[PDB]
Amino acid sequence: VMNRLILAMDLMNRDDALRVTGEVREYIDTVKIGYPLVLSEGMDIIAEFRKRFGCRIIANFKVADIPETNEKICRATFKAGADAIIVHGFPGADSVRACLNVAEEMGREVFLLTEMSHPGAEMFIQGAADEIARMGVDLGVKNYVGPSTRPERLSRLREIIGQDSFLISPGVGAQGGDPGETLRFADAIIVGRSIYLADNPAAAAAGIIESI
Amino acid sequence: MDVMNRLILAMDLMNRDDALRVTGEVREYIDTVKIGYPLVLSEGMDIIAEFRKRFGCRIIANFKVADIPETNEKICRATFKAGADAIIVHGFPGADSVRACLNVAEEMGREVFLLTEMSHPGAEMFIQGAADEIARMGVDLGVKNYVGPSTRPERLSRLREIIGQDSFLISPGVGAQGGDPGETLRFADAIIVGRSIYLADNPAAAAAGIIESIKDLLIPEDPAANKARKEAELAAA
Ligand SMILES: O=c1cnn([C@@H]2O[C@H](COP(=O)(O)O)[C@@H](O)[C@H]2O)c(=O)[nH]1
Ligand SMILES: O=c1cnn([C@@H]2O[C@H](COP(=O)(O)O)[C@@H](O)[C@H]2O)c(=O)[nH]1
């Protein structure tokens with residue numbers, strides 16, 4: 001099946017970002033580009049990564065606005081070339097639907113963020129996570145994001161979304177999540193700092209590929 | 001901060017030429033412009049510095065920051081380096097995520113606006129239920145600027161009760177979203193208007209008309225005087 005390792009490229013300058021992604025090109029086929037890089041180098045960086053690496057791109061933009069603005073953000077992001085975009089479910093169904101409509105029109109994918117992996121996630125997001133996942137199912141969402149740091153929550157999310165839904169999980173490495181335990185429930189893991197901060201990113205990526 | 005005429009333009013057009021033209025047509029009425037991702041993702045972050053260079057207006061980056069602490073810090077640094085005076089941050093992700101933003105703003109001398117409740121229908125599903133707690137979290141963290149819904153003025157008064165009168169509160173949803181400017185300005189310090197102005201056949205006339213409606217509420221310009229006014233409005237509410 002698919003490669004189970006996704007690189008979160010959150011370096012903030014083009015030279016370092018391109019150099020490091022190039023070094024691990026052999027180990028990953030999907031790169032998640034977020035605002036740290038986009039706000040520092042521009043949306044054109046998406047097209048450049050696709051040209052240089054031939055990878056799929058997930059725009060980790062945590063879309064969380066009203067429907068009208070969400071539609072605009074998705075349209076600009078897919079025109080820039082991203083294959084998928086990560087959307088927050090907490091702002092509600094209408095906001096998620098606006099994203100899905102644009103994705104359906106352009107043949108792209110929406111990933112719904114159900115529960116985040118950081119400590120602060122326990123304050124409000126965790127309590128809404130199961131309902132958000134259910135909302136996703138009701139809306140026809142097929143791609144989800146869940147926390148590597150809480151495997152029991154990942155298990156519960158998997159129960160709600162089913163075996164056919166695709167689940168990716170961040171929080172591996174720097175945040176404390178374990179690749180193996182995470183992959184008992186998620187289809188793929190997201191790894192950022194553990195790879196990109198390393199003196200030898202290729203060796204770091206290779207090591208993760210090894211343990212899984 | 002003090003917002004001229006209590007009106008903030010939400011400039012969500014997606015091309016530079018139209019955005020600069022409309023803002024230029026209404027600059028005599030406002031001194032605060034809110035720029036979000038529709039414009040930034042289309043024209044680049046350099047658009048913020050261009051607006052500051054051209055108009056001298058205050059710029060609030062409406063980025064709805066909602067990531068983990070580490071990423072939030074990066075987004076705020078990049079945004080403030082680009083010229084934004086303030087940034088809007090979501091509180092649903094928790095206290096550590098908001099704190100990360102506040103620390104950068106404190107270090108760089110900028111401001112953080114905490115979004116407590118959104119104005120769209122979907123806000124009722126999860127946000128509204130967490131809104132009072134998010135506002136209290138903001139108070140506990142030292143947050144001094146907030147965003148609340150013009151579409152639910154009664155929710156705004158409750159929010160105002162939690163944050164006090166010294167906190168600055170702005171509110172979107174007026175115009176296209178159907179929000180009530182009059183009831184909203186009993187509680188918020190300023191309203192945000194996007195489409196009703198930028199999609200108008202004459203943006204300047206649209207802005208002028210809204211300001212006339214605001215001036216008719218007889219809201220004091222002096223902060224101390226409006227504080228007294230707001231205290232009485234809240235007691236009545
Ligand atoms: O619940 C979470 C936690 N983290 N991330 C993102 O995944 C990456 C994780 O990076 P890291 O491996 O360096 O901690 C970063 O881009 C981060 O914003 C999410 O999208 N959701
Ligand atoms: O709770 C809300 C609702 N809307 N907005 C934003 O405020 C503006 C309102 O625009 P409008 O006047 O065209 O409806 C847009 O930029 C929108 O993303 C918020 O920040 N928070």
# chains A, B, ... in the order shown; residues from 1 in each chain; ligands from 1

$ select_by_dssp --residues "region 83-203 of chain B" --states "strand (DSSP E)" --output "list in words"
residues 86, 87, 88, 89, 90, 111, 112, 113, 114, 115, 145, 146, 147, 168, 169, 170, 171, 190, 191, 192 and 193 of chain B

$ write_last_selection --atoms "C-alpha atoms" --output "PDB file, in the first residue's frame"
ATOM      1  CA  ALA B  86      -2.161  42.575  15.329  1.00  0.00           C
ATOM      2  CA  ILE B  87      -3.209  38.985  14.592  1.00  0.00           C
ATOM      3  CA  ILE B  88      -6.460  37.106  15.238  1.00  0.00           C
ATOM      4  CA  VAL B  89      -6.049  33.778  17.018  1.00  0.00           C
ATOM      5  CA  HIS B  90      -8.553  30.983  17.746  1.00  0.00           C
ATOM      6  CA  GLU B 111      -1.171  42.504  19.647  1.00  0.00           C
ATOM      7  CA  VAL B 112      -3.191  39.320  19.745  1.00  0.00           C
ATOM      8  CA  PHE B 113      -6.966  39.278  19.285  1.00  0.00           C
ATOM      9  CA  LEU B 114      -8.676  36.184  20.745  1.00  0.00           C
ATOM     10  CA  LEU B 115     -11.688  34.912  18.768  1.00  0.00           C
ATOM     11  CA  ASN B 145      -8.181  42.122  22.639  1.00  0.00           C
ATOM     12  CA  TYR B 146     -11.150  39.995  21.582  1.00  0.00           C
ATOM     13  CA  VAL B 147     -13.490  39.152  18.716  1.00  0.00           C
ATOM     14  CA  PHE B 168     -10.829  45.919  23.291  1.00  0.00           C
ATOM     15  CA  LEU B 169     -13.615  44.046  21.483  1.00  0.00           C
ATOM     16  CA  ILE B 170     -14.278  43.987  17.729  1.00  0.00           C
ATOM     17  CA  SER B 171     -17.162  42.301  15.979  1.00  0.00           C
ATOM     18  CA  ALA B 190     -15.816  48.553  16.711  1.00  0.00           C
ATOM     19  CA  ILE B 191     -17.524  46.592  13.967  1.00  0.00           C
ATOM     20  CA  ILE B 192     -15.962  44.770  11.036  1.00  0.00           C
ATOM     21  CA  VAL B 193     -17.552  45.072   7.564  1.00  0.00           C
TER      22      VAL B 193
END

$ residues_around --residues "residue 18 (chain B)" --least-positions-apart "6" --cutoff "10 Å" --atoms "only C-alpha atoms" --output "list in words"
residues 11, 24 and 198 of chain B

$ interface_residues --of "chain B" --to "chain A" --cutoff "7 Å" --atoms "only C-alpha atoms" --output "JSON list (two decimals) with N, CA and C atoms, in the first residue's frame"
[["chain", "number", "residue", "atom", "x", "y", "z"],
["B", 37, "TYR", "N", -6.56, 35.53, 4.73],
["B", 37, "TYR", "CA", -5.97, 34.63, 3.76],
["B", 37, "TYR", "C", -6.52, 34.76, 2.34],
["B", 38, "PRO", "N", -7.79, 35.20, 2.15],
["B", 38, "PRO", "CA", -8.21, 35.30, 0.75],
["B", 38, "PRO", "C", -7.24, 36.22, -0.03],
["B", 41, "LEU", "N", -3.16, 34.73, 0.41],
["B", 41, "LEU", "CA", -2.85, 33.50, -0.32],
["B", 41, "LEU", "C", -2.90, 33.76, -1.82],
["B", 42, "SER", "N", -3.54, 34.85, -2.21],
["B", 42, "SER", "CA", -3.62, 35.19, -3.63],
["B", 42, "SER", "C", -2.49, 36.11, -4.07],
["B", 44, "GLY", "N", 0.25, 37.22, -1.71],
["B", 44, "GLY", "CA", 1.47, 37.08, -0.92],
["B", 44, "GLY", "C", 1.49, 37.96, 0.32],
["B", 45, "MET", "N", 2.32, 37.60, 1.31],
["B", 45, "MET", "CA", 2.43, 38.38, 2.56],
["B", 45, "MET", "C", 2.95, 39.78, 2.34],
["B", 64, "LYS", "N", -6.88, 33.55, 11.88],
["B", 64, "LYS", "CA", -7.55, 32.49, 12.65],
["B", 64, "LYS", "C", -6.54, 31.44, 13.11],
["B", 66, "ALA", "N", -4.64, 28.60, 14.51],
["B", 66, "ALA", "CA", -5.23, 27.47, 15.21],
["B", 66, "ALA", "C", -4.38, 26.21, 15.14],
["B", 68, "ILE", "N", -0.69, 23.96, 16.82],
["B", 68, "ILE", "CA", -0.04, 23.64, 18.09],
["B", 68, "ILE", "C", 0.87, 24.82, 18.43],
["B", 71, "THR", "N", 4.00, 25.75, 16.05],
["B", 71, "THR", "CA", 3.65, 26.27, 14.75],
["B", 71, "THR", "C", 3.02, 27.65, 14.89],
["B", 74, "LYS", "N", 5.61, 30.24, 15.02],
["B", 74, "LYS", "CA", 6.16, 30.54, 13.70],
["B", 74, "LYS", "C", 5.26, 31.44, 12.87],
["B", 75, "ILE", "N", 3.97, 31.15, 12.88],
["B", 75, "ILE", "CA", 3.02, 31.94, 12.10],
["B", 75, "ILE", "C", 2.99, 33.37, 12.62],
["B", 78, "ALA", "N", 6.30, 35.28, 11.59],
["B", 78, "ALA", "CA", 6.30, 35.62, 10.17],
["B", 78, "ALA", "C", 5.31, 36.74, 9.88],
["B", 92, "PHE", "N", -10.10, 27.83, 20.61],
["B", 92, "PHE", "CA", -10.54, 26.44, 20.73],
["B", 92, "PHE", "C", -9.37, 25.45, 20.92],
["B", 93, "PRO", "N", -8.19, 25.70, 20.30],
["B", 93, "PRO", "CA", -7.07, 24.77, 20.47],
["B", 93, "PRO", "C", -6.45, 24.77, 21.87],
["B", 94, "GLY", "N", -6.91, 25.66, 22.74],
["B", 94, "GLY", "CA", -6.37, 25.66, 24.09],
["B", 94, "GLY", "C", -5.43, 26.77, 24.48],
["B", 95, "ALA", "N", -5.13, 26.80, 25.78],
["B", 95, "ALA", "CA", -4.27, 27.82, 26.38],
["B", 95, "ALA", "C", -2.82, 27.84, 25.96],
["B", 96, "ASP", "N", -2.18, 26.69, 25.78],
["B", 96, "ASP", "CA", -0.79, 26.71, 25.36],
["B", 96, "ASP", "C", -0.67, 27.30, 23.95],
["B", 97, "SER", "N", -1.64, 27.01, 23.09],
["B", 97, "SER", "CA", -1.60, 27.55, 21.73],
["B", 97, "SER", "C", -1.77, 29.07, 21.73],
["B", 120, "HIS", "N", -21.07, 32.95, 12.25],
["B", 120, "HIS", "CA", -21.84, 32.13, 11.31],
["B", 120, "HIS", "C", -22.70, 31.07, 12.01],
["B", 122, "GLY", "N", -22.83, 27.85, 11.81],
["B", 122, "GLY", "CA", -22.06, 26.72, 12.28],
["B", 122, "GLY", "C", -21.43, 26.90, 13.65],
["B", 123, "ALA", "N", -21.26, 28.16, 14.08],
["B", 123, "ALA", "CA", -20.65, 28.46, 15.37],
["B", 123, "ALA", "C", -21.47, 27.86, 16.52],
["B", 125, "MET", "N", -22.65, 24.90, 16.70],
["B", 125, "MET", "CA", -22.37, 23.47, 16.95],
["B", 125, "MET", "C", -21.39, 23.15, 18.06],
["B", 126, "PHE", "N", -20.23, 23.81, 18.06],
["B", 126, "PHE", "CA", -19.21, 23.56, 19.06],
["B", 126, "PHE", "C", -18.63, 24.80, 19.72],
["B", 127, "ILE", "N", -18.47, 25.86, 18.94],
["B", 127, "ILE", "CA", -17.85, 27.06, 19.47],
["B", 127, "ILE", "C", -18.63, 27.79, 20.56],
["B", 130, "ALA", "N", -18.26, 26.57, 24.02],
["B", 130, "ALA", "CA", -16.95, 26.75, 24.63],
["B", 130, "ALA", "C", -16.56, 28.22, 24.78]]

$ select_by_dssp --residues "region 42-234 of chain B" --states "alpha helix (DSSP H)" --output "NGL selection string"
:B and (42-43 or 46-55 or 69-81 or 95-108 or 127-141 or 153-163 or 181-184 or 195-198 or 203-215 or 223-234)

$ residues_around --residues "residue 9 (chain B)" --least-positions-apart "3" --cutoff "8 Å" --atoms "only C-alpha atoms" --output "list in words"
residues 30, 32, 33, 34, 192, 193, 194 and 197 of chain B

$ closest_residue --among "A:200, A:143, A:149, A:165" --to "ligand 1" --atoms "only C-alpha atoms and all ligand atoms"
A:149

$ residues_around --residues "residue 195 (chain A)" --least-positions-apart "5" --cutoff "9 Å" --atoms "only C-alpha atoms" --output "count of residues only"
11

$ atom_distance --atom1 "CA of residue 72 (chain B)" --atom2 "CA of residue 110 (chain A)"
21.6 Å

$ decode --residues "region 184-211 of chain B" --atoms "N, CA and C atoms" --output "mmCIF file, in the first residue's frame"
data_model
loop_
_atom_site.group_PDB
_atom_site.id
_atom_site.type_symbol
_atom_site.label_atom_id
_atom_site.label_comp_id
_atom_site.auth_asym_id
_atom_site.auth_seq_id
_atom_site.Cartn_x
_atom_site.Cartn_y
_atom_site.Cartn_z
ATOM 1 N N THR B 184 -24.842 45.752 18.498
ATOM 2 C CA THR B 184 -23.463 45.338 18.641
ATOM 3 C C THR B 184 -22.583 46.414 19.274
ATOM 4 N N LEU B 185 -22.746 47.665 18.838
ATOM 5 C CA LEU B 185 -21.917 48.760 19.365
ATOM 6 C C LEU B 185 -22.261 49.206 20.795
ATOM 7 N N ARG B 186 -23.217 48.520 21.415
ATOM 8 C CA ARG B 186 -23.530 48.771 22.824
ATOM 9 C C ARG B 186 -22.456 48.038 23.619
ATOM 10 N N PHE B 187 -21.851 47.028 22.983
ATOM 11 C CA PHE B 187 -20.881 46.175 23.649
ATOM 12 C C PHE B 187 -19.493 46.156 23.031
ATOM 13 N N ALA B 188 -19.432 46.104 21.707
ATOM 14 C CA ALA B 188 -18.138 46.077 21.029
ATOM 15 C C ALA B 188 -17.606 47.495 20.816
ATOM 16 N N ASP B 189 -16.294 47.611 20.741
ATOM 17 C CA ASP B 189 -15.678 48.909 20.505
ATOM 18 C C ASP B 189 -15.715 49.296 19.024
ATOM 19 N N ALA B 190 -15.798 48.296 18.148
ATOM 20 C CA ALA B 190 -15.816 48.553 16.711
ATOM 21 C C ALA B 190 -16.416 47.387 15.946
ATOM 22 N N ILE B 191 -16.960 47.664 14.772
ATOM 23 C CA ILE B 191 -17.524 46.592 13.967
ATOM 24 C C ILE B 191 -16.639 46.372 12.754
ATOM 25 N N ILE B 192 -16.715 45.163 12.219
ATOM 26 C CA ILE B 192 -15.962 44.770 11.036
ATOM 27 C C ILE B 192 -16.955 44.622 9.893
ATOM 28 N N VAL B 193 -16.663 45.214 8.719
ATOM 29 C CA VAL B 193 -17.552 45.072 7.564
ATOM 30 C C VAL B 193 -16.706 44.738 6.334
ATOM 31 N N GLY B 194 -17.081 43.661 5.653
ATOM 32 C CA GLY B 194 -16.381 43.240 4.460
ATOM 33 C C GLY B 194 -17.216 43.462 3.216
ATOM 34 N N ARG B 195 -17.941 42.427 2.799
ATOM 35 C CA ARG B 195 -18.750 42.482 1.569
ATOM 36 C C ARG B 195 -19.668 43.678 1.351
ATOM 37 N N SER B 196 -20.369 44.120 2.393
ATOM 38 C CA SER B 196 -21.273 45.258 2.253
ATOM 39 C C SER B 196 -20.551 46.487 1.740
ATOM 40 N N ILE B 197 -19.232 46.520 1.926
ATOM 41 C CA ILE B 197 -18.438 47.639 1.424
ATOM 42 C C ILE B 197 -17.701 47.243 0.143
ATOM 43 N N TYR B 198 -16.904 46.175 0.169
ATOM 44 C CA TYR B 198 -16.105 45.873 -1.013
ATOM 45 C C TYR B 198 -16.813 45.316 -2.239
ATOM 46 N N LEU B 199 -18.064 44.901 -2.095
ATOM 47 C CA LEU B 199 -18.819 44.416 -3.255
ATOM 48 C C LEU B 199 -19.801 45.477 -3.720
ATOM 49 N N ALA B 200 -19.834 46.609 -3.019
ATOM 50 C CA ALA B 200 -20.742 47.714 -3.365
ATOM 51 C C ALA B 200 -20.349 48.359 -4.693
ATOM 52 N N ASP B 201 -21.340 48.882 -5.416
ATOM 53 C CA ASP B 201 -21.056 49.569 -6.676
ATOM 54 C C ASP B 201 -20.228 50.807 -6.348
ATOM 55 N N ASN B 202 -20.426 51.362 -5.152
ATOM 56 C CA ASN B 202 -19.660 52.525 -4.708
ATOM 57 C C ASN B 202 -19.219 52.279 -3.257
ATOM 58 N N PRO B 203 -18.060 51.638 -3.068
ATOM 59 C CA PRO B 203 -17.567 51.357 -1.705
ATOM 60 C C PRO B 203 -17.491 52.568 -0.769
ATOM 61 N N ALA B 204 -17.104 53.723 -1.305
ATOM 62 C CA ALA B 204 -16.996 54.927 -0.492
ATOM 63 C C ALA B 204 -18.362 55.335 0.042
ATOM 64 N N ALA B 205 -19.387 55.274 -0.811
ATOM 65 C CA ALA B 205 -20.740 55.626 -0.399
ATOM 66 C C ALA B 205 -21.248 54.598 0.624
ATOM 67 N N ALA B 206 -20.932 53.329 0.404
ATOM 68 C CA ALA B 206 -21.357 52.293 1.349
ATOM 69 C C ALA B 206 -20.735 52.534 2.740
ATOM 70 N N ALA B 207 -19.432 52.812 2.781
ATOM 71 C CA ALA B 207 -18.713 53.078 4.035
ATOM 72 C C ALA B 207 -19.281 54.322 4.716
ATOM 73 N N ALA B 208 -19.484 55.370 3.923
ATOM 74 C CA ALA B 208 -20.019 56.619 4.448
ATOM 75 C C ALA B 208 -21.387 56.394 5.081
ATOM 76 N N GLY B 209 -22.210 55.559 4.449
ATOM 77 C CA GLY B 209 -23.535 55.292 4.972
ATOM 78 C C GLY B 209 -23.506 54.555 6.304
ATOM 79 N N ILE B 210 -22.584 53.610 6.423
ATOM 80 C CA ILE B 210 -22.460 52.842 7.664
ATOM 81 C C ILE B 210 -22.001 53.762 8.789
ATOM 82 N N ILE B 211 -21.038 54.617 8.482
ATOM 83 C CA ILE B 211 -20.509 55.540 9.467
ATOM 84 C C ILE B 211 -21.581 56.513 9.915
#
